[PDB]
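Here is what each chain is made of, one letter per residue.
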Amino acid sequence: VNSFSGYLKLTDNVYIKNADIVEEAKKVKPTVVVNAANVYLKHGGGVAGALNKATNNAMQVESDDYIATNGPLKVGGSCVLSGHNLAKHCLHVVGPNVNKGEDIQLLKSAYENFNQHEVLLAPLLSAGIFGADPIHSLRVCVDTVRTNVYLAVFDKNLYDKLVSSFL
Ligand SMILES: O=C(O)Cc1n[nH]c(=O)c2ccccc12
């Protein structure tokens, strides 16, 4: 048993809810929240800017030190950093950004990072301002992630479409 509430079960291991991931993280304090990161860990908008804003910019300060030491992530890669006031850990995952011309095949590689964590709260990768089709992102998630993932869908309209089109 875990603390996640109100999710619709899609598969053995994937659950979905219409929710603000920031508000959900604050309520649950999950072991792992996933950020929709870029390779520079520049958290300006969408999930990264909303998560970062909720940490009062502490996520950005920590991220800038990580990049100064390690250099940028890979598209499809990840790093584990603090979850600050939102979670124990934040798994920063870089999905391909269609609005930068990145290979959508890298979306599967991105989701494979989730398999290193038994339970995660996460947004759809490469969705929103990263420009991918969220229906596709959900399919890749279901077909790639084997650990228990609780997906927070921001748009109620999109949530309803994801549910109603799910095979
Ligand atoms: O949650 C959603 O409704 C779609 C979605 N998935 N992932 C994102 O990163 C993102 C960012 C902004 C706006 C919507 C998104």
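Residues numbered from 1 in each chain as written, not as in the entry; some residues may be left out. Heavy atoms only, no water. Residues with missing side-chain atoms left out of burial classes, pairs and counts.

What the entry reports as its method is X-ray crystallography, with 1.0000 Å given for the resolution.

## Considering the environment of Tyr-15
Looking at the secondary structure, you find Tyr-15 in strand β2 (residues 14-18). Taking the relative accessible area as the measure of exposure, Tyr-15 reaches 18% and is therefore buried. Those residues within four positions of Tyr-15 in sequence are excluded, and the remaining contacts are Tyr-7, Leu-8, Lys-9, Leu-10, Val-149, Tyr-150 and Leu-151. (Helix = DSSP H or I, 4+ residues; strand = E, 2+ residues; numbered from the N terminus. Buried < 20%, exposed > 50% of the residue type's maximum accessible area, 1.4 Å probe, protein only. Contact = heavy atoms within 4.5 Å.)

## Re the nonpolar core
Grouped together as the largest cluster of nonpolar side chains are 27 residues, with contacts concentrated most on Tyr-111, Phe-114 and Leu-151. For this core, the secondary structure elements donating two or more residues are β2, β3 (32-36), β5 (89-93), α4 (106-112), β6 (119-122), α5 (134-144), β7 (148-153) and α6 (156-164). Among the elements that make up this core, the one with the highest residue count is α5 (4 residues). Filtering out sequence-adjacent residues up to four positions away, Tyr-111 remains in contact with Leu-124, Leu-125, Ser-137, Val-140, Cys-141, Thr-144 and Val-145. Among the nonpolar cores identified, the runner-up in size contains 17 residues, and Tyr-7, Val-33, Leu-51 and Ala-152 belong to it. (Core = buried A, V, L, I, M, F, W, Y, C linked by side-chain atoms within 4.5 Å.)

## A closer look at the packing of α5 against α6
Between α5 and α6, whose axes approach to 10 Å, the crossing angle comes to 55°. By the angle between their axes, α5 is oblique relative to α6. Along this stretch, α5 crosses α6, giving a crossing that reads as right-handed. Side by side, α5 and α6 meet where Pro-134, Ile-135 and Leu-138 of the first sit next to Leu-158, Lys-161 and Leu-162 of the second. Of the residues contributing to the contact of α5 with α6, the split by class is 5 nonpolar, no polar and 1 charged. (Axes fitted to C-alpha atoms, helices over the stretch in contact; angles between N-to-C directions. Parallel < 35°, antiparallel > 145°, perpendicular 65-115°, else oblique. Left-handed = near helix turned anticlockwise from the far one by under 90°. Nonpolar A, V, L, I, M, F, W, Y, C, P; charged D, E, K, R; others polar.)

## Let's talk about the state of the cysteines
Two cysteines joined by a covalent bond between their sulfur atoms form a disulfide. Counting across every chain of the model gives 0 disulfides. Not engaged in a disulfide, the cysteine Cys-90 finds its nearest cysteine sulfur in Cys-79; these two sulfurs lie 7.9 Å apart. According to the relative accessible area criterion, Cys-90 is buried, its value standing at 0%. Its sulfur unpaired, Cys-141 is 16 Å from the next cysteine sulfur, which belongs to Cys-90. (Disulfide = S-S within 2.5 Å.)

## A look at the packing of aromatic side chains
Inspection of every chain in the model, using the stated rule, returns 5 aromatic pairs. Ring geometry for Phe-4 versus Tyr-150: centroids 4.0 Å apart, planes at 10°, classification stacked. Of this pair, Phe-4 sits in the segment before β1 (8-9) while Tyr-150 sits in strand β7, placing them 146 residues apart in sequence. Summarising the burial analysis for this pair, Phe-4 and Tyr-150 share the class buried. Aromatic side chains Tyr-7 and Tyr-150 sit 5.0 Å apart centroid to centroid with 90° between the ring planes, which places their arrangement in the edge-to-face category. Of this pair, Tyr-7 sits in the segment before β1 while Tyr-150 sits in strand β7; the two residues are 143 residues apart in sequence, bridging distant segments of the chain. Pair check on accessibility: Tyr-7 and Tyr-150 agree, each one buried. The structure contains a cluster of three or more aromatic residues connected by ring pairs, namely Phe-4, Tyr-7, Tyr-15 and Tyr-150. (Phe/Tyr/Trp six-rings, centres within 6.5 Å; stacked < 30°, edge-to-face > 60°.)

## Regarding the pairing of strand β4 (residues 78-82)
Where a strand is regular, its side chains alternate between the two sheet faces. In this structure, β4 lies alongside β5, joined through 5 bridges in antiparallel fashion. From the neighbouring strand, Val-80 faces β5, where its bridge partner is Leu-91. Taken together, β4 and the strand that follows it, β5, pair antiparallel across an intervening segment of 6 residues, in which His-84 is found at a positive phi of about 55°. (Pairing = 2+ DSSP bridges.)

## Digging into the site of the ligand
Neighbouring residues of the ligand: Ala-36, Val-47, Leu-124, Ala-127, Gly-128, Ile-129, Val-153, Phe-154, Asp-155 and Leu-158. In the environment of the ligand, an oxygen atom lies 2.7 Å from a nitrogen or oxygen atom belonging to the backbone of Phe-154. For the ligand, the protein covers 84% of the area, taking 350 Å² as the surface of the free molecule. Looking at the shell around the ligand residue by residue, the class counts come to 8 nonpolar, 1 polar and 1 charged. (Near = heavy atom within 4 Å. Polar contact = N/O pair within 3.5 Å; in protein donor to acceptor, adjacent residues only side chain to side chain. Areas by Shrake-Rupley, 256 points an atom, 1.4 Å probe, with all protein chains shown as cover.)

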